[PDB]
């Protein structure tokens, strides 16, 4: 689902905190090239909130459906999927429009 060309547009909403290119810098949040189908806490050089390390132990991978639920409300996400009530997220920013989420995901799928 999802037009990865409208997705690239929406993605401009993430660029204050993230980069997209291969080898890219960790600005505020980790670079997101390669994120699709990859583990939670997927970048080794970024210091993630403990809650992402605990999704990653569980074997959570960034599927279409877990990116969908995440980018709707990261903080509810990380509580939910970690099982740790004291779960923190530094993200905070959410997408609320369904078309947007679907399109953004379709454009994450083209970055490896």
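Positions refer to the first chain, counted from 1.
Q: Out of 59-67 and 80-88, which one has CA B-factors that are higher on average in the deposited record?
A: That would be 80-88.
Q: If you take the mean CA temperature factor per stretch, which one wins between 70-78 and 27-35?
A: Taking the mean C-alpha B-factor of 27-35 and of 70-78, the larger value falls to 70-78.
Q: Hey, what third does residue 12 fall into on Cα B-factor, ranked over its chain?
A: For residue 12, whose C-alpha B-factor we compare with every modelled residue in the chain, the answer is the middle third.
Q: Taking the entry's C-alpha B-factors for this chain, is residue 101 in the lowest, middle or highest third?
A: According to the entry, residue 101 has a C-alpha B-factor in the chain's middle third.
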